[PDB]
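Residue numbers (the authors' numbering), protein chains in the order written: chain C, 1 to 440; chain E, 1 to 440; chain A, 1 to 440; chain D, 1 to 440. Everything on this sheet refers to the single structure shown next.
Number of protein chains: 4
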Amino acid sequence: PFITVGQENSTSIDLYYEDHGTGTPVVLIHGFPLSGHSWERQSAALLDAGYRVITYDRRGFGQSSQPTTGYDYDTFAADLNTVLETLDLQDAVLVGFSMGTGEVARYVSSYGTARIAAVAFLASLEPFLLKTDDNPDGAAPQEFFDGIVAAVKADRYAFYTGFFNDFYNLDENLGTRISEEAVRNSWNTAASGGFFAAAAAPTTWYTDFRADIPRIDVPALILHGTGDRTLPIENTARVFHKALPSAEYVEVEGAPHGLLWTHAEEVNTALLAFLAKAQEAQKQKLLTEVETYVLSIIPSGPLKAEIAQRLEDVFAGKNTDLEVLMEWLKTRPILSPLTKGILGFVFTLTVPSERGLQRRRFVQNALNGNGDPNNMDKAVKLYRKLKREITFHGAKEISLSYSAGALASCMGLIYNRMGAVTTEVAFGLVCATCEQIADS
Amino acid sequence: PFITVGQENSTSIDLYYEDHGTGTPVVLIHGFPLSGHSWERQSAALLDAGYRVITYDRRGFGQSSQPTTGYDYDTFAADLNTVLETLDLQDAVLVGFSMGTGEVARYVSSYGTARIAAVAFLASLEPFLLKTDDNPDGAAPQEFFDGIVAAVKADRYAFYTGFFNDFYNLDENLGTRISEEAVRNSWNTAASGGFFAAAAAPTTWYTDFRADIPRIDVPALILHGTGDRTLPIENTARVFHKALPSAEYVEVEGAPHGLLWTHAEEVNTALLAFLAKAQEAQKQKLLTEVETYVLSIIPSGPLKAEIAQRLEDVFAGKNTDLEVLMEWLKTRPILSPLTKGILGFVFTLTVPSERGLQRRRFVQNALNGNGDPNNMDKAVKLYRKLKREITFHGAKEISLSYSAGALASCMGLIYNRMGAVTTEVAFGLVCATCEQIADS
Amino acid sequence: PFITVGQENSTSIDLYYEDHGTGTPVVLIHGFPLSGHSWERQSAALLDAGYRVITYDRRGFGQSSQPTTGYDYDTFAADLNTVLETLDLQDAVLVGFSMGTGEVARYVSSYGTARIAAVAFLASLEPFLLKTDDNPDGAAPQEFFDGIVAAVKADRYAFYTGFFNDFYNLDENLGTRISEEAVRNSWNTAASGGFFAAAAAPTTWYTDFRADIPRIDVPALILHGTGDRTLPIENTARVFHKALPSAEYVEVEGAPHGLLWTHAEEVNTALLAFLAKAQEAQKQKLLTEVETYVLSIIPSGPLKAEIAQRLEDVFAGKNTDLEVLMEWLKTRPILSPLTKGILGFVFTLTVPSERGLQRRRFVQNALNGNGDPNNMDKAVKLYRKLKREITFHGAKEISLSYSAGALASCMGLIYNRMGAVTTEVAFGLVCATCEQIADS
Amino acid sequence: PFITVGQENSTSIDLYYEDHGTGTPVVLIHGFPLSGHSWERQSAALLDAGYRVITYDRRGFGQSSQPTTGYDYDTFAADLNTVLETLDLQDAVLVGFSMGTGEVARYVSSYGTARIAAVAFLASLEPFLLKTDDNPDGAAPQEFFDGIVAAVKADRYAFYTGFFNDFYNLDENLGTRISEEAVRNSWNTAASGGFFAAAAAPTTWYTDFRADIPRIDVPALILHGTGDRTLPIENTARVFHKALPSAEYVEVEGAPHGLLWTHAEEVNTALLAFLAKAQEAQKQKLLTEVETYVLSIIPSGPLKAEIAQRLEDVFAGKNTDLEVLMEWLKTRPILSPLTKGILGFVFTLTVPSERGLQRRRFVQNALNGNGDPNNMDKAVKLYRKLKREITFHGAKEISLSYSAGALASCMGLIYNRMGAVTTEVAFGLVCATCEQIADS
């Protein structure tokens, strides 16, 4: 599979990518000089955990096009933007390794965390590798990196051998954490890359990400091996943690630069933990917002408390019966039809096991709103806008511009299944609907 | 330029008007029997002082329509209301002369000081010209004004000659403070007016503004010449000052009624001083808005404090070096390129003595907007809209509809001098650019 | 990237190719049993020397289709013809290695040197490898080649090792001029080829090119290693030189057959020298055309002569200074502002050391186009088209469709750094603006 | 009548203009501080001579809008460009006076002589009024012009009195060549202008037109009075004549600056002469092209000679009877219907006194294009393109892309009056029609 990110002369620039599994999108950005297939140990684990795994090969690496231009992090991040937009990924998590951390930092800084839910940095370059006067926390001076470029240009194939020796810490890990054959494959992948890209890549390593770091607002994870030879822990992760103290910090003892394979077990554990925790963290903050908004329209009393209880139960994951819940709603004495309708919409939306209940009439009759053609006109116009929308805060603001009558019908469109919007947006709509009703 | 204020038979009633310069709006309302062009000496001074000068001709006067109806201050004030609402002026200053003072008093009283920041009364009619029992401070009785009307009806053209004799105090001022040609022009303007309006106007002079005066809440200025023959100082301004003691009172010694031309230097000085207090007040509120918006994108730290200080300094007029500031900006390690670009744009825009400093490379590369032809296209579409715009709030609103990428490139258009927008509009753009960045 | 050269059954026959860099087209035709990537040491050098490098994989080799037909030099040359015509290459240089030398000879003979500027033969097969009665200068008889084919059919994978043993002269060069990993990669590339193509290829080696040689009219270079085991110097290059005495003859002492890698330094040197003669020749015709176009806008006089001289100086590389030239331009009285802008653009473009000179104001104001949004809109539309373009003629042709006003603004976009186009394209634009201005 | 040339704040910038008479367009650009009505002596004469007279008032002058921006010759020329394009003038003559000469020079330089047939400079500013080191032929230094501006600002009305004293050389010419009332009117016109424009205009006088002069390729006329006090002959016209030696030079002895009125007879004579010569000159070069193309389709013989003679006669102005010509054509042997059709089209187009002859049956049936709907479709598509076209050379090229059958029908559309194209474009079509037929 390929995604076109540019054009070089008579040829086009396409990136090889892979899209597997169903769930929240997790983008895995490989490091030098490998490819997307490097994540296979992580990829295997993430697929088991019910995630949607997306991997791609950087330009001039793996199966991607090998142009002789655009080897800078502004172009690398631009490519990632194209990738995310082409696939239309929403609420996705970016995971970068080695060079890949640079792409994450730069994209977030330059394009914003709109589509991004969280970020993870494994074996990061950040904040600045170059050792200069203003940056004494650099790993090595300019002259050093110039040596690497010249080394690759001398003989890239022979370079790869020496490269992977410190990439995996073979003197320690060979025959224990990484096999001879596994290394052999990595070398093949390296050779498969572009000759130009090979020597062009090291110049990108001393990129100054210090300006990109503050723009990271989504939950972050910083992971790094102490036995990292290529990128020394202290010149990278340790100072990176000072720049981003909010980030979850993980130090894997004795892990080499290539810990994705060698210490895969420690990596998976740490990553899957961070992902599951950050997911439930944003689920709770979303559901508590929905609760307060829905309860805002319900009049204070013993009924309000009962509703609050059943809402908490389904939000907590306590598999309640839906036929019973709906029969309970239908039979309520002081609740207004619209209130019952909104509640009916919210319960079907949040309940995982629909159990087999056909779209109830009492909910449908509540949301239609007299079946005014004036109301259904604004409802489709709003529906068009919500299809493009993804953020909850984004979906709520644009919906607020519409009247309470138009909003109710819009909810009815979705309920009847004449509409296909994401849950975050659907919650945006219902919260906006509740807000208008509360002010009436 | 015209503004429709009514309708008379098959024809409509339009008022000729002029809108010049950029800044706080200053509306100049002419007197009898001239036109907006009478302010030309004031307009010249006000334009130099960076104001937005708006003048219009009263119905049946100058280039305005000449209907045979609506010659009362309730209609005159209604016309002014239409003018202010059509142009949507906000925080504007009303300046009236002779008859024009009546419009100011009545509009403020009848329509409220919502759009008005301050008011000025030059050669005022207020509070009441008619000499009666209840008003002994009147200048002349009913019978007198009936004489003027009958005099105009006899021969308005011959009337104009005798009128300007006391309007300018020609025995004193002719050949000294006003030339023969200047008077000639004034006469032409008078003759150019409506025959009906000419004789209808004097009846409006004895209007009772005594009830309108207390309704003046905005800061006021009362100016009047002691040598005023048309409107005697003691029957007008002096008693007006007792009715409005809060007002700034200025008495120009030996000045006649048409002091706008003869004693233009004394008038301008006094007026610009009174105006400057209200103008500097609105300039700061504009700069504090820009400051908060610009600081919104800068990440918290010691650097944020440093920028805010340097911003306050240039806004205050503390002539800071620009070559130094730009080199300081260029060399910051944690500032994003876009951030450096925006600040650079702001500094060149706010710093007076640009000192012939060539368009910095680092700012141009920040504002280029990744040289996306799609981003560059949207920027021009926005530039077309901003070329028409004049207000800061108006420029900010329409800019918000564009993406952050499109906005940055549009700023680049202006910075590179491929675009020509007013400073108020330019600030609207930069503030809109900051708002998008803050939301990511 | 692929180019369809034929069709075999249900599938089509596509050749993998690569197009890098901007300048004179240099087509590199690889030998047996490798691929286009073999040129990587030459390609790297050629890109530095400002050439446009075009490489492709022969059918059944590398990433190209692997059909079981068309393994003859009439088909091989037909394929090259398709490649050249598809890319529409003009004034290009053909460089062949081993088998690749045959394609050059055959194409030139069969299709003519219309698109070709010069040709290069490295480790040539020419004129005739087969040892017969009429050709005693053959390297080996028919039976020998039958042995190779049968050897490949036995086990192609085991064959490759023994092949590369004499291809690189490993007993001498291994560990000195070629590393184990480099050979390893070559083997992988070999295995990656088609099984049929592998055994079909040797039969093409004893092709009689003796009739094709006289048809070479473009300047030729003959390079060969004396230590060549695969193609013995005396049976190949030496007799080839007798057949083509006009050709530039280079003998690399002790170089093996695969000298492209082992003696890459000697090869690059020799090749770039020969290429420089052909490159500089059409380079001058490019600058001479630009000169005539630019001078077309300058009004005749002593100033016109002065400009022409300074243009010739910068084209020769003597002048080198830019700030003085720009100051000289700025102060000229007969030059239209647009003319000053165009010349300033050309000078910054042609002067090698732009130094630390900020983009001059007088050039920006000339190219700004008055800040008409309509000129800016057409300018962006033109700019996207120029981003795709590569040729000088291609850039000039598409630019001529735009108005002089739109063109000037387009130049302004690039000058201001809101645009990124190649020098050949940049010159196309300048000539097009000059053509329009001269025609206005 | 007004033409919108810009926008200032809430108001738009419109220029007052007048379009009188029928024939080739002669644009008259007034000087400071008057208006288009100043040309009345020329306009009356030009209308008698059967020309199309176009006059307009400069911004801030006469009946035009009075903005406070854009008082520079780049803006003045931009305005003129709008005027010419809005009216879609082609083959027009530009005539400038005082300030008006600057507009002519700048437009020609900046926009090209596409729509321009010839140019005239009366009482010119050119080439450079400012007296500096680089320009010793200047009239006065910078400080001098600064005095003029301050004089206008002092008292705009009183300034005019002294201005017209030297403008007309009243000590000499008053009561002889100019009446008291005429000057009075000039003063009124002066007062009618904008207060801002009045003082803004003098700064434009020291504009450097030296760079604009060489771009003048159309036939030129330089007229100037020796007794010119405002613009001394030696500092203006005399040095202008050296810069433009090709121009027809006329020196009116003893004429003042405002010679347009005083020496109107001498001015008209010289002007009408220059126009008549330039008019017949452009007729001959165009008609001889039409002649050769039309004769190309007529078969060689005595008939071909007869046609050429009658063509030369009508082109020369020997208005032959059209009823006779058409009957001569109709009853003529050996002439093909299409040939008769083409000639019939040409004769009705070139013959002045149309006499009142109906679109002949023999012409319509020739032009019908057999009644093919495909031919009628292509004819309309071409007609759309020709409506946009203006040049004769431009019209022929785009028409050549269409088939001879489609071209014939397109001519038929115009002849039947279902189409409205200019004569120059109309000639382009017929020549293109002849060219396709000629190749058969």
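We put the beta carbon where it would ideally sit given N, CA and C, even for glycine.
Backbone secondary structure at residue i - three-state DSSP
| i | result |
| --- | --- |
| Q63 (chain D) | coil |
| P256 (chain C) | coil |
| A92 (chain D) | strand |
| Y415 (chain D) | helix |
| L343 (chain D) | helix |
| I307 (chain A) | helix |
| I116 (chain D) | strand |
| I29 (chain C) | strand |
| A278 (chain C) | helix |
| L407 (chain C) | helix |
| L84 (chain D) | helix |
| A264 (chain C) | helix |
| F209 (chain D) | coil |
| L244 (chain D) | coil |
| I148 (chain C) | helix |
| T391 (chain A) | coil |
Residues bridged to residue i [DSSP beta-bridge criterion]
| i | result |
| --- | --- |
| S12 (chain D) | D:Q7 |
| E251 (chain E) | E:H224 |
| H20 (chain E) | E:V53 |
| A140 (chain D) | D:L130 |
| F97 (chain D) | D:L122 |
| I178 (chain D) | D:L174 |
| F315 (chain D) | DSSP, once it has assigned bridges, lists no residue as partnering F315 (chain D). |
| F2 (chain D) | D:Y16 |
Per-residue contacts from residue i into chain A (C-beta, under 9 Å)
| i | result |
| --- | --- |
| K340 (chain E) | Neighbours of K340 (chain E) on chain A: none; closest Cβ ~15 Å, over 9 Å. |
| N165 (chain C) | Under the 9 Å cutoff, chain A gives no residues; its nearest Cβ is about 13 Å from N165 (chain C). |
Interface residues of chain C facing residue i [CB-CB closer than 7 Å]
| i | result |
| --- | --- |
| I334 (chain E) | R210, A211 and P214 |
| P299 (chain E) | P214 |
Supposed contact pair residue j and residue i - C-beta distance, whole angstroms, cut 8 Å
| i | j | result |
| --- | --- | --- |
| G62 (chain E) | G193 (chain E) | 7 Å |
| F167 (chain E) | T230 (chain E) | 6 Å |
ask   = Counting pairs of beta carbons, one from the stretch 397-417 of chain A and one from the stretch 368-380 of chain A, are three or more of them closer than 8 Å?
value = yes
key: Segment contact, 8 Å Cβ cut-off, at least three pairs: the stretch 305-314 of chain E with the stretch 147-159 of chain E   = no
ask   = Counting pairs of beta carbons, one from the stretch 381-396 of chain C and one from the stretch 345-363 of chain C, are three or more of them closer than 8 Å?
value = no
query = Given 8 Å as the limit, is there contact between the stretch 393-402 of chain E and the stretch 391-407 of chain A, that is, 3 or more CB pairs closer than that?
reply = no
message = For the pair the stretch 7-26 of chain A and the stretch 45-55 of chain A, tell me if three or more CB-CB distances fall below 8 Å.
response = Between the stretch 7-26 of chain A and the stretch 45-55 of chain A there are three or more C-beta pairs closer than 8 Å, enough to call the two in contact.
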